[PDB]
Amino acid sequence: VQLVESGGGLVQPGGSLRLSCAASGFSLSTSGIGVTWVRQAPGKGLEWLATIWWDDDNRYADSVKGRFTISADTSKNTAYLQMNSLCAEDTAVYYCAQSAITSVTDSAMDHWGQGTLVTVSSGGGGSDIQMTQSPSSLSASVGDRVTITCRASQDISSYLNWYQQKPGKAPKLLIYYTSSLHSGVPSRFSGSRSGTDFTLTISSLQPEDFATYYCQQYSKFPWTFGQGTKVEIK
Amino acid sequence: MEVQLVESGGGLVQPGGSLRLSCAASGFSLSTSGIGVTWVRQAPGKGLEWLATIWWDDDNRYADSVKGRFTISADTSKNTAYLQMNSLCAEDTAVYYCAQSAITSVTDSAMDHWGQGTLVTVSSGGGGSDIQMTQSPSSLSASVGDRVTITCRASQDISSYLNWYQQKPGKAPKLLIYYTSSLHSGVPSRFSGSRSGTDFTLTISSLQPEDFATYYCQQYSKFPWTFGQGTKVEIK
């Protein structure tokens with residue numbers, strides 16, 4: 001007596017998978033009553049997803065409702081989890097199990113399958129250019145010189161822009177093409193390059209300059225941003 | 001005159017759902033050589049993520065994180081650009097900005113005149129009523145022969161509708177105890193379960209090396225069925 005699972009694999013967000021849970025050594029009862037799916041994200045605990053229950057009432061977790069469907073074909077002695085509109089957070093080992101269905105007081109899950117791994121990913125980053133900003137935050141006083149650095153993981157020529165974002169507001173372009181100031185930007189902002197390091201300098205920090213600053217490369221698509229440097233008051 | 005971009009269309013949406021955002025442009029024409037519109041998003045508390053740009057060719061440009069789900073387009077008769085967002089995920093929750101951008105590989109390409117943004121919240125809309133199972137300790141280490149106890153607390157009355165499972169490393173969970181205190185077939189009587197109100201206890205007597213595992217409680221008083229966070233037991 002066991003449940004054997006198949007169908008897991010690697011998909012991108014928005015994709016679909018169909019997991020199968022084949023029963024061996026016993027017959028699923030009426031309409032697969034009691035068949036249940038549970039998942040376990042890497043390093044995490046168990047999460048109940050769905051159970052075929054009495055009176056044509058399939059039960060689902062809020063985390064999968066409207067995207068996943070549990071069903072069973074007793075003719076084929078197999079149950080299924082149809083998984084539509086997959087998301088990165090659905091990455092997990094997926095288990096099926098048979099919940100006890102002979103007594104109202106015991107629905108515990110037994111005969112758990114070996115699990116099938118589902119990985120939902122848009123990629124590990126691949127060849128995308130990574131922009132590394134340093135420091136990630138700093139506190140300084142009005143009048144201080146502030147220097148923020150941004151390293152490109154590969155050649156980007158001089159195709160680097162700097163933005164400022166204040167809390168609750170949209171980003172504003174400060175400097176483009178490494179060192180050219182956008183109109184209206186105060187002269188205390190300047191940009192430079194030394195090797196693969198790009199620097200935004202504020203020569204004398206003013207009260208209105210507390211903000212988060214971001215670099216951005218446009219040498220290649222995808223356009224990528226540094227993680228940001230928050231400049232705060234001491 | 002001043003360029004203005006005004007985003008609209010954000011709101012609440014369920015996972016798997018769709019939304020279309022609009023970016024209405026003033027002060028320039030979307031038809032103009034060199035022009036583009038780009039969408040960038042910012043998840044709560046996080047940085048900026050480029051999503052899509054209108055490009056001179058038939059193929060716009062997209063980030064891998066949204067390709068196949070999102071589509072950027074423009075209706076020049078309304079001087080408005082759009083982001084059609086399909087198959088949404090909780091992780092697409094963010095403020096979505098549009099910005100003015102080039103449509104060819106100019107040496108001064110940047111994003112300017114960013115709009116105020118529109119918030120997209122991807123949410124299931126449920127959970128308030130779910131029974132929470134709180135397990136303690138999260139991990140413990142003991143020696144062969146010892147007796148150890150693992151507790152869980154239900155956030156409301158679940159009568160005796162609680163099970164305990166054992167999961168050895170790399171293996172599927174196995175049932176130990178059902179209905180608070182009944183021993184599953186094949187489980188020896190050095191294991192026991194009890195309860196006092198909403199407080200449940202798994203006791204392992206005469207701890208053995210093979211008991212190295214993570215133990216989970218699970219309630220079935222109500223759907224959704226919910227589990228404790230697990231207790232790792234090491235034997236030393």
# chains A, B, ... in the order shown; residues from 1 in each chain; ligands from 1
>>> closest_atom_pairs(of="chain B", to="chain A", cutoff="6 Å", atoms="only C-alpha atoms", output="JSON lines")
{"residue": "B:16", "atom": "CA", "partner": "A:85", "partner_atom": "CA", "distance": 5.4}
{"residue": "B:47", "atom": "CA", "partner": "A:227", "partner_atom": "CA", "distance": 5.7}
{"residue": "B:63", "atom": "CA", "partner": "A:222", "partner_atom": "CA", "distance": 5.9}
{"residue": "B:64", "atom": "CA", "partner": "A:122", "partner_atom": "CA", "distance": 5.8}
{"residue": "B:65", "atom": "CA", "partner": "A:122", "partner_atom": "CA", "distance": 5.4}
{"residue": "B:87", "atom": "CA", "partner": "A:85", "partner_atom": "CA", "distance": 5.4}
{"residue": "B:89", "atom": "CA", "partner": "A:87", "partner_atom": "CA", "distance": 5.8}
{"residue": "B:108", "atom": "CA", "partner": "A:177", "partner_atom": "CA", "distance": 5.6}
{"residue": "B:116", "atom": "CA", "partner": "A:170", "partner_atom": "CA", "distance": 5.5}
{"residue": "B:172", "atom": "CA", "partner": "A:114", "partner_atom": "CA", "distance": 5.8}
{"residue": "B:224", "atom": "CA", "partner": "A:61", "partner_atom": "CA", "distance": 5.9}
{"residue": "B:229", "atom": "CA", "partner": "A:45", "partner_atom": "CA", "distance": 5.7}
>>> write_last_selection(atoms="N, CA and C atoms", output="PDB file, in the first residue's frame")
ATOM      1  N   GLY B  16      -3.382  34.783  -9.432  1.00  0.00           N
ATOM      2  CA  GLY B  16      -3.928  34.222 -10.644  1.00  0.00           C
ATOM      3  C   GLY B  16      -4.743  35.196 -11.458  1.00  0.00           C
ATOM      4  N   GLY B  47      13.787  47.913  -3.338  1.00  0.00           N
ATOM      5  CA  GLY B  47      14.350  48.778  -4.352  1.00  0.00           C
ATOM      6  C   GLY B  47      13.536  48.799  -5.632  1.00  0.00           C
ATOM      7  N   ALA B  63      11.611  42.193 -18.640  1.00  0.00           N
ATOM      8  CA  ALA B  63      12.367  41.456 -17.643  1.00  0.00           C
ATOM      9  C   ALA B  63      11.870  40.018 -17.563  1.00  0.00           C
ATOM     10  N   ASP B  64      12.799  39.101 -17.289  1.00  0.00           N
ATOM     11  CA  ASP B  64      12.432  37.698 -17.159  1.00  0.00           C
ATOM     12  C   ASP B  64      11.373  37.488 -16.086  1.00  0.00           C
ATOM     13  N   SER B  65      11.373  38.330 -15.051  1.00  0.00           N
ATOM     14  CA  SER B  65      10.422  38.182 -13.963  1.00  0.00           C
ATOM     15  C   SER B  65       8.977  38.370 -14.404  1.00  0.00           C
ATOM     16  N   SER B  87      -1.790  36.545 -14.565  1.00  0.00           N
ATOM     17  CA  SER B  87      -1.255  35.513 -13.679  1.00  0.00           C
ATOM     18  C   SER B  87      -0.458  36.138 -12.532  1.00  0.00           C
ATOM     19  N   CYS B  89       0.950  37.247  -8.860  1.00  0.00           N
ATOM     20  CA  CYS B  89       1.466  36.523  -7.708  1.00  0.00           C
ATOM     21  C   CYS B  89       1.621  37.506  -6.557  1.00  0.00           C
ATOM     22  N   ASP B 108      22.540  58.318 -24.127  1.00  0.00           N
ATOM     23  CA  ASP B 108      22.066  59.056 -22.951  1.00  0.00           C
ATOM     24  C   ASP B 108      20.721  58.541 -22.434  1.00  0.00           C
ATOM     25  N   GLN B 116       3.546  59.431 -10.348  1.00  0.00           N
ATOM     26  CA  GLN B 116       3.417  59.252  -8.908  1.00  0.00           C
ATOM     27  C   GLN B 116       3.263  57.789  -8.520  1.00  0.00           C
ATOM     28  N   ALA B 172       9.295  11.464   3.714  1.00  0.00           N
ATOM     29  CA  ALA B 172       7.955  11.993   3.887  1.00  0.00           C
ATOM     30  C   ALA B 172       7.526  11.862   5.346  1.00  0.00           C
ATOM     31  N   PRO B 224      -9.403  25.531   7.154  1.00  0.00           N
ATOM     32  CA  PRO B 224      -8.241  24.795   6.645  1.00  0.00           C
ATOM     33  C   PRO B 224      -7.534  24.007   7.727  1.00  0.00           C
ATOM     34  N   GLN B 229       4.652  24.646  13.585  1.00  0.00           N
ATOM     35  CA  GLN B 229       5.852  24.969  12.826  1.00  0.00           C
ATOM     36  C   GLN B 229       6.917  23.881  12.877  1.00  0.00           C
TER      37      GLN B 229
END
>>> select_by_dssp(residues="range 26-217 of chain B", states="strand (DSSP E or B)", output="ChimeraX atom specification")
/B:26,35-42,48-53,61-62,70-75,80-85,94-102,112,118-122,133-136,139-142,148-154,162-167,174-178,182-183,191-196,199-204,213-217
>>> residues_around(residues="range 148-156 of chain B", least_positions_apart="2", cutoff="8 Å", atoms="only C-alpha atoms", output="ChimeraX atom specification")
/B:131-137,142,146,158,198-205,207,217,228,231
>>> residues_around(residues="residue 113 in chain B", least_positions_apart="2", cutoff="7 Å", atoms="only C-alpha atoms", output="ChimeraX atom specification")
/B:3-5,99-100,115
>>> write_last_selection(atoms="C-alpha atoms", output="PDB file, in the first residue's frame")
ATOM      1  CA  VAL B   3       5.975  66.470 -19.236  1.00  0.00           C
ATOM      2  CA  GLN B   4       3.490  64.591 -17.061  1.00  0.00           C
ATOM      3  CA  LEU B   5       2.823  60.869 -16.744  1.00  0.00           C
ATOM      4  CA  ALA B  99       8.710  56.848 -16.883  1.00  0.00           C
ATOM      5  CA  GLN B 100       9.745  58.404 -20.186  1.00  0.00           C
ATOM      6  CA  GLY B 115       4.659  59.373 -12.484  1.00  0.00           C
TER       7      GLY B 115
END
>>> atom_distance(atom1="CA of residue 184 in chain A", atom2="CA of residue 104 in chain B")
25.3 Å
>>> closest_atom_pairs(of="range 52-73 of chain A", to="range 28-32 of chain A", cutoff="10 Å", atoms="only C-alpha atoms", output="JSON lines")
{"residue": "A:52", "atom": "CA", "partner": "A:32", "partner_atom": "CA", "distance": 6.4}
{"residue": "A:53", "atom": "CA", "partner": "A:32", "partner_atom": "CA", "distance": 8.3}
{"residue": "A:54", "atom": "CA", "partner": "A:30", "partner_atom": "CA", "distance": 9.0}
{"residue": "A:55", "atom": "CA", "partner": "A:31", "partner_atom": "CA", "distance": 9.8}
{"residue": "A:56", "atom": "CA", "partner": "A:31", "partner_atom": "CA", "distance": 8.4}
{"residue": "A:70", "atom": "CA", "partner": "A:32", "partner_atom": "CA", "distance": 9.7}
{"residue": "A:71", "atom": "CA", "partner": "A:32", "partner_atom": "CA", "distance": 7.4}
{"residue": "A:72", "atom": "CA", "partner": "A:32", "partner_atom": "CA", "distance": 5.3}
{"residue": "A:73", "atom": "CA", "partner": "A:31", "partner_atom": "CA", "distance": 7.0}
>>> write_last_selection(atoms="N, CA and C atoms", output="PDB file, in the first residue's frame")
ATOM      1  N   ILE A  52      -9.990  16.218  -1.015  1.00  0.00           N
ATOM      2  CA  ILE A  52     -11.278  15.777  -1.540  1.00  0.00           C
ATOM      3  C   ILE A  52     -12.136  15.358  -0.355  1.00  0.00           C
ATOM      4  N   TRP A  53     -13.284  16.006  -0.183  1.00  0.00           N
ATOM      5  CA  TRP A  53     -14.092  15.764   1.006  1.00  0.00           C
ATOM      6  C   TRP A  53     -15.522  15.407   0.621  1.00  0.00           C
ATOM      7  N   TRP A  54     -16.343  15.194   1.649  1.00  0.00           N
ATOM      8  CA  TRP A  54     -17.650  14.579   1.477  1.00  0.00           C
ATOM      9  C   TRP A  54     -18.598  15.486   0.707  1.00  0.00           C
ATOM     10  N   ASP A  55     -19.549  14.860   0.015  1.00  0.00           N
ATOM     11  CA  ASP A  55     -20.660  15.588  -0.595  1.00  0.00           C
ATOM     12  C   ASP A  55     -20.160  16.549  -1.669  1.00  0.00           C
ATOM     13  N   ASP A  56     -19.201  16.086  -2.473  1.00  0.00           N
ATOM     14  CA  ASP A  56     -18.662  16.868  -3.586  1.00  0.00           C
ATOM     15  C   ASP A  56     -18.171  18.238  -3.124  1.00  0.00           C
ATOM     16  N   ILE A  70      -7.838  19.957  -6.999  1.00  0.00           N
ATOM     17  CA  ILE A  70      -7.664  18.562  -6.613  1.00  0.00           C
ATOM     18  C   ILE A  70      -8.790  17.756  -7.248  1.00  0.00           C
ATOM     19  N   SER A  71      -8.463  16.557  -7.716  1.00  0.00           N
ATOM     20  CA  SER A  71      -9.454  15.677  -8.317  1.00  0.00           C
ATOM     21  C   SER A  71      -8.917  14.256  -8.252  1.00  0.00           C
ATOM     22  N   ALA A  72      -9.788  13.301  -8.564  1.00  0.00           N
ATOM     23  CA  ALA A  72      -9.385  11.907  -8.625  1.00  0.00           C
ATOM     24  C   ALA A  72     -10.203  11.212  -9.701  1.00  0.00           C
ATOM     25  N   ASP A  73      -9.570  10.254 -10.358  1.00  0.00           N
ATOM     26  CA  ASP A  73     -10.230   9.373 -11.309  1.00  0.00           C
ATOM     27  C   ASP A  73     -10.094   7.966 -10.747  1.00  0.00           C
TER      28      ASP A  73
END
>>> atom_distance(atom1="CA of residue 216 in chain B", atom2="CA of residue 178 in chain B")
11.9 Å
>>> residues_around(residues="residue 85 in chain B", least_positions_apart="4", cutoff="9 Å", atoms="only C-alpha atoms", output="JSON list (two decimals) with C-alpha atoms, in the first residue's frame")
[["chain", "number", "residue", "atom", "x", "y", "z"],
["B", 17, "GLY", "CA", -5.89, 37.33, -11.55],
["B", 18, "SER", "CA", -5.24, 40.10, -14.05],
["B", 19, "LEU", "CA", -5.04, 43.90, -14.01],
["B", 20, "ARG", "CA", -4.30, 46.52, -16.67],
["B", 21, "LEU", "CA", -2.37, 49.63, -15.67],
["B", 66, "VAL", "CA", 7.37, 39.25, -16.02],
["B", 69, "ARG", "CA", 2.66, 37.27, -18.09],
["B", 70, "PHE", "CA", 2.90, 41.03, -18.68],
["B", 71, "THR", "CA", 2.53, 42.97, -21.93],
["B", 72, "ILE", "CA", 3.51, 46.59, -22.56]]
>>> closest_residue(among="B:114, B:179, B:56, B:220", to="residue 39 in chain B", atoms="only C-alpha atoms")
B:114
